[PDB]
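# Examination of the molecular architecture
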Amino acid sequence: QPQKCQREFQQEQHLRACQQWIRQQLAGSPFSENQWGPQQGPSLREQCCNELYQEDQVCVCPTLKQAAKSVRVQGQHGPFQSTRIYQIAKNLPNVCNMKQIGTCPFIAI
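The sections below set out a description of the structure shown in this document.

About the thresholds
Residues numbered from 1 in each chain as written, not as in the entry; some residues may be left out. Heavy atoms only, no water. Core = buried A, V, L, I, M, F, W, Y, C linked by side-chain atoms within 4.5 Å. Buried < 20%, exposed > 50% of the residue type's maximum accessible area, 1.4 Å probe, protein only. Helix = DSSP H or I, 4+ residues; strand = E, 2+ residues; numbered from the N terminus. Contact = heavy atoms within 4.5 Å.

## Details of the nonpolar core
If you look at the biggest cluster of nonpolar residues, it comprises 26 residues, and the most contacted ones within it are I22, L52, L64 and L92. Listing elements by their share of this core, those giving two or more residues are α2 (18-21), α3 (45-51), α4 (57-60), α5 (64-69) and α6 (81-87). For this core, the element with the most residues is α5, which contributes three residues. Setting aside residues up to four positions removed in sequence, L64 forms contacts with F9, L15, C18, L52, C59 and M98.

As structure tokens, then:
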């Protein structure tokens, strides 16, 4: 909503490790050893948890909704990914406390 960040976050410094680790929750990524998911890329949470905060708190959200909106869809995939994509992107600010105030206090989805 706030362009002050929605204009600086999407300007040319969106997210990836944040909107990418979630992509590892599917078959959209390879696998080798054991791990919560991205065994070959475990360094994504502590990375995104920062790569999402590095843009300040005015970017932590709802701006993130962006990097999360393009976490999969990119033309028309109907209501499917966003559902879980969000149900798994809502636990990010839970273990990556990056929103003290409450920009995107979503979860009841």
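Okay, back to it.
## Regarding the environment of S70
Considering the arrangement of structural elements, one finds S70 in the loop between α5 and α6. Residue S70 is classed as partly exposed on the basis of its relative accessible area of 29%.

In short, geometric facts, not functional conclusions.
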